[PDB]
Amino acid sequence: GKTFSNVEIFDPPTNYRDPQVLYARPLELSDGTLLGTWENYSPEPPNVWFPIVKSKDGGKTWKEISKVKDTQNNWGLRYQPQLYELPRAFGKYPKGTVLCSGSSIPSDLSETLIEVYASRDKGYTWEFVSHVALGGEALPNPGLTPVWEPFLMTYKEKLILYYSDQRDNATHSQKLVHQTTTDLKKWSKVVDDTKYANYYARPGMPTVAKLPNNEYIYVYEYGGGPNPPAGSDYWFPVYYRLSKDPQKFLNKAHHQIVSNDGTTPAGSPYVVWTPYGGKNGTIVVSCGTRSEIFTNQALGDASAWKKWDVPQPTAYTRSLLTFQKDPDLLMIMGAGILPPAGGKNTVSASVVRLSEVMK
């Protein structure tokens, strides 16, 4: 069988710094290998690194094969890792190169620097490729200037790196932006993806999926979004936008995700699309405050979101992966909750079938 529930990937040493682990990310390579990583809050020195685990049995068993280290700044690779496999060449990096992007940050949290590292051997070694975006102090506070949370996706001849940006600090507490590259070395001018006139709004945490009608869905948490629930003055509801050109989300209408029973997912979302489920396939969304998955088999029609229980627990920026050879299979991967985590975070995953979950 290919399904499983709550398989532990990593349990941190107990002296790791709260939250110990956070921010799990998976990747399927073209050969069917899975890689995984997370924020690893080790005692420093040595400077923090992103661990790389590998599974050859679809996620049932794992072992660490390498570490992505900061070779440039003597700071560490600290926050918000993201794994991605090149589907075509970009300059001297061929199809099948594995990228790991993430934020290099000194221990004192005084600066943020989104980096790209690359592996030419399917995750065993790593090379620094380029600096993408420099920002200020790594606290999510209005008026500071950090950058955060890279997400990578190819569009035609460009590679796009989407992220969260506090550098327009007199006009937007945070906004969402991207840069593009054709050689992985030279990055374009910053392009705005989503921003709000209310200074205190904090759209954040962008992920993107391609739909079979040639549109793309862009998903984010809308910090400061309307209608906070009772006893809250500020919340992070999951919103999305749809676009044929994934460089042009800024001008598209926004949509809150609300399931048929009225459930309003909030926090640190993650989107994928699978061909499973008919001609429109199935859009699958997780959020970081509930355990259910949210699905849409109507190309993002705002009236068509459904909610389903799964065995994997609630986690901050819980992530998703669809399997190339069986679109019915869905991996759900997490690394626990925001600090204070009480020593209890672990990295774990489940693999479910949508054909079974969606009843």
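Just count from 1 along the sequence shown to find any residue number.
- When the mean C-alpha temperature factors of 209 to 217 and 187 to 195 are read from the deposited coordinates, 209 to 217 comes out higher.
- The deposited model assigns a higher average Cα B-factor to 293 to 301 than to the other stretch when 293 to 301 and 65 to 73 are compared.
- Of all the options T33, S319, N47, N40, the entry's greatest CA B-factor is assigned to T33.
- Of the candidates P81, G204, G278, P246, the PDB record gives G278 the highest C-alpha temperature factor.
- Sort the modelled residues of the chain by CA B factor and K156 lands in the highest third.
- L29: CA B factor in the middle third of modelled residues in this chain (values from the PDB entry).
- For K175, the recorded CA B-factor ranks within the lowest third of the chain. Only modelled residues enter the ranking.
- Among all modelled residues in its chain, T112 ranks in the lowest third by Cα B-factor.
- Per the PDB record, residue ranking by Cα B-factor puts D121 in the middle third of the chain.
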